[PDB]
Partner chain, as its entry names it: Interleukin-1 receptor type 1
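Take a look at this one chain, the form solved without its partner chain, written out in structure tokens.
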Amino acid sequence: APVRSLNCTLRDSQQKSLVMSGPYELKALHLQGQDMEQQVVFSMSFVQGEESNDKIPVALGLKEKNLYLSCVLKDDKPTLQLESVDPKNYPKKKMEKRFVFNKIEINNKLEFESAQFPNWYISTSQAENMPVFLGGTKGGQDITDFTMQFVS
């Protein structure tokens, strides 16, 4: 059948929102009131992959954009990028592995682990207005826990 998707927003555990800045540039900042319109709305697709009660493979596309978060080696490191796709072909149930995150529910928060790069997570910095990145530990000063808000 089709792939199933939900619209949503994400905020890090310090309650920073994710907003688009430069071309293909996703950053996190503290946001409230009128400025909340600037936050990125995701289309979270439920995709093919290894699954358990608390570990659900997803893709994260930008709502009504042919852009997906992906995990690739860049200058020899697991990095987070926004990648363009053919809008006729996406989303799909069998997303390529670089697009797949394991959405993990622990203690009423979510972590998004790269399916391609085990133990690398969507991360934010404590500082305002810094890139969203792929970080190689769910431990230390960088933030790897999020909450989801469901959108119409």
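Residue numbers count along the first chain shown, from 1. The term rigid core refers to the maximal set of C-alpha atoms that superpose within 1.5 Å between the two forms.
Just so you know, the form solved in complex with its partner chain exists too; it's not on screen, but the next bit is about it.
- Only one of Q38, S84, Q126, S52 has its Cα shifted by 2 Å or more between this form and the one not shown after fitting on the core, and that residue is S52.
- Compared with the form shown, the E51-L10 C-alpha separation increases in the deposited bound form, the change being 3 Å or greater.
- CA of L10 to CA of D54: farther apart by 3 Å or more in the deposited bound form than in the shown form.
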